[PDB]
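Below is one structure; the comments refer to it alone.
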Amino acid sequence: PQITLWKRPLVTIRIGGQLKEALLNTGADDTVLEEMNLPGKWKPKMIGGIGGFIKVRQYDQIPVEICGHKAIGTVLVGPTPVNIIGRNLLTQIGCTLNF
Amino acid sequence: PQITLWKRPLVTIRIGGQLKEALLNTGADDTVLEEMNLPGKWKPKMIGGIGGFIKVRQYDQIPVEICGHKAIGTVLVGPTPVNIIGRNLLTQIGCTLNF
Amino acid sequence: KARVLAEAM
Numbered sequence: 001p002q003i004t005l006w007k008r009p010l011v012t013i014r015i016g017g018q019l020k021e022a023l024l025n026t027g028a029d030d031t032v033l034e035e036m037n038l039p040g041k042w043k044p045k046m047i048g049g050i051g052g053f054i055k056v057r058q059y060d061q062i063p064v065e066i067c068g069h070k071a072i073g074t075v076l077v078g079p080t081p082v083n084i085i086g087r088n089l090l091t092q093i094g095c096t097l098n099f
Numbered sequence: 101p102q103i104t105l106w107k108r109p110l111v112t113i114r115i116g117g118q119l120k121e122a123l124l125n126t127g128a129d130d131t132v133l134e135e136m137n138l139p140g141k142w143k144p145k146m147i148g149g150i151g152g153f154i155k156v157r158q159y160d161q162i163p164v165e166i167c168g169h170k171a172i173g174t175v176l177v178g179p180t181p182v183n184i185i186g187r188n189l190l191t192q193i194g195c196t197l198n199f
Numbered sequence: 201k202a203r204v205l206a207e208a209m
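Chains as they are written, first to last, in the numbering used here: chain A, 1 to 99; chain B, 101 to 199; chain C, 201 to 209.
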């Protein structure tokens, strides 16, 4: 697909049987999802952004489907204002920036 | 050009006779640069991200050359962790996400 | 430390 940037690049992603709306964010190293209960072990982590840092839960090897494309990787869960798909997952689906 | 995301998408920008490094960020509505002086009248604005909100100074109609392409628009200045080129200017240089 | 730079006015 080719996605223009006139509006926020929100797409549908599938995780654990739940379909959510997420922002394709080239400005995020990691993928951060709104509070959700994922099974498996996790580790505490601090991630920073424009207004400071927030504490999140890091889960590994989580299957995620982004617009029909299948990916598997790390997912951080915490109090983020919006669901965010980062570069760790975007690279897996061959996503690039073009101009 | 085509930029992959295995590494942060940093590019050189030229603004006011100054060269700086910025990140092409599809997750930001606006363009925010670290503290610096710019010509013209500026007004206080507040923006938010993960971690909360910060105060910035808004400068309108500022010429910005991004990796060779010209844009003229709004540039915010403040305590951002990294210089970021947001969608307001990405659209001007015809940038899109592809996969 | 990783950065997640989502931003909105």
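We put the beta carbon where it would ideally sit given N, CA and C, even for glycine.
Between the CA atoms of residue 57 of chain A and residue 4 of chain A - distance to the nearest angstrom: The residue you call residue 4 of chain A lines up with position 4 of the first sequence. The residue you call residue 57 of chain A lines up with position 57 of the first sequence. Going from the Cα of residue 4 of chain A to the Cα of residue 57 of chain A covers about 32 angstroms.
Beta-carbon proximity of residue 151 of chain B to residue 50 of chain A, cut-off 8 angstroms: Position 51 of the second sequence, counted from the first residue, corresponds to residue 151 of chain B. Position 50 of the first sequence, counted from the first residue, corresponds to residue 50 of chain A. Cβ distance < 8 angstroms, so residue 151 of chain B and residue 50 of chain A count as in contact.
Contact check, residue 95 of chain A vs residue 197 of chain B, beta carbons under 8 angstroms: Within the first sequence, numbered from 1, the residue matching residue 95 of chain A stands at position 95. Within the second sequence, numbered from 1, the residue matching residue 197 of chain B stands at position 97. In this structure, residue 197 of chain B lies closer than 8 angstroms to residue 95 of chain A by Cβ.
Short CB-CB distance (under 8 angstroms) between residue 198 of chain B and chain C: Working through the second sequence from its first residue, we reach residue 198 of chain B at position 98. So, not an interface residue.
Closest Cα partner of residue 14 of chain A within the set A:81, A:65, A:29 and A:39: Locating residue 14 of chain A in the first sequence gives position 14, counting from the first residue. Ranking the options by Cα distance to residue 14 of chain A, first place goes to A:65.
Distance between beta carbons of residue 145 of chain B and residue 176 of chain B, contact taken as under 8 angstroms: One-based indexing of the second sequence puts residue 176 of chain B at position 76. One-based indexing of the second sequence puts residue 145 of chain B at position 45. Correct: roughly 6 angstroms between the Cβ atoms.
Chain B contact for residue 206 of chain C (CB, 8 angstroms cutoff): Here residue 206 of chain C refers to the residue found at position 6 of the third sequence. Cβ-Cβ to chain B under 8 angstroms: yes for residue 206 of chain C.
Interface positions of the segment 19-42 of chain A facing chain C (Cβ-Cβ less than 7 angstroms), listed along the chain: 23, 25, 27, 28, 29, 30 and 32
CB contact below 8 angstroms: residue 58 of chain A versus chain B: Working through the first sequence from its first residue, we reach residue 58 of chain A at position 58. With 8 angstroms as the cut-off, residue 58 of chain A does not count as an interface residue toward chain B.
CB of residue 85 of chain A within 8 angstroms of CB of residue 12 of chain A, strictly: Looking up residue 85 of chain A in the first sequence gives position 85. Looking up residue 12 of chain A in the first sequence gives position 12. Not a contact, by the Cβ cut-off of 8 angstroms.
Residue 147 of chain B classed as buried or exposed, judged by whether at least 16 other C-beta atoms fall within 10 angstroms: Numbered from 1 along the second sequence, position 47 holds the residue referred to as residue 147 of chain B. Buried, because 16 or more other Cβ atoms sit within 10 Å of the Cβ of residue 147 of chain B.
Secondary structure of residue 19 of chain A, DSSP reduced to three states: By 1-based counting over the first sequence, the position of residue 19 of chain A is 19. DSSP places residue 19 of chain A in strand when its eight states are reduced to three.
Residue 179 of chain B and residue 135 of chain B closer than 8 angstroms at C-beta: On the second sequence, residue 179 of chain B is found 79 positions in, with the first residue counted as 1. On the second sequence, residue 135 of chain B is found 35 positions in, with the first residue counted as 1. Cβ distance < 8 angstroms, so residue 179 of chain B and residue 135 of chain B count as in contact.
Through-space distance from residue 25 of chain A to residue 73 of chain A, alpha-carbon basis: Translated into positions along the first sequence, residue 73 of chain A becomes position 73. Translated into positions along the first sequence, residue 25 of chain A becomes position 25. Spanning the two alpha carbons is a distance of roughly 16 angstroms.
Residue-chain proximity (residue 82 of chain A, chain C), Cβ-Cβ < 8 angstroms: For the purposes of this step, residue 82 of chain A is taken as residue 82 along the first sequence, with counting starting at 1. Interface residue, yes.
According to DSSP, residues forming a beta bridge with residue 158 of chain B: Stepping through the second sequence from its first residue, residue 158 of chain B is reached at position 58. DSSP, once it has assigned bridges, lists B:143 and B:176 as partnering residue 158 of chain B.
Residues of its chain near residue 193 of chain B, where Cβ-Cβ distance is below 7 angstroms and the 5 sequence neighbours each way are ignored: Residue 193 of chain B sits at position 93 when you count from the first residue of the second sequence. Taken in chain order, the residues that qualify are 166, 169 and 171.
Any C-beta of chain C under 8 angstroms from that of residue 49 of chain A: Within the first sequence, the letter at position 49 stands for residue 49 of chain A. Residue 49 of chain A counts as touching chain C.
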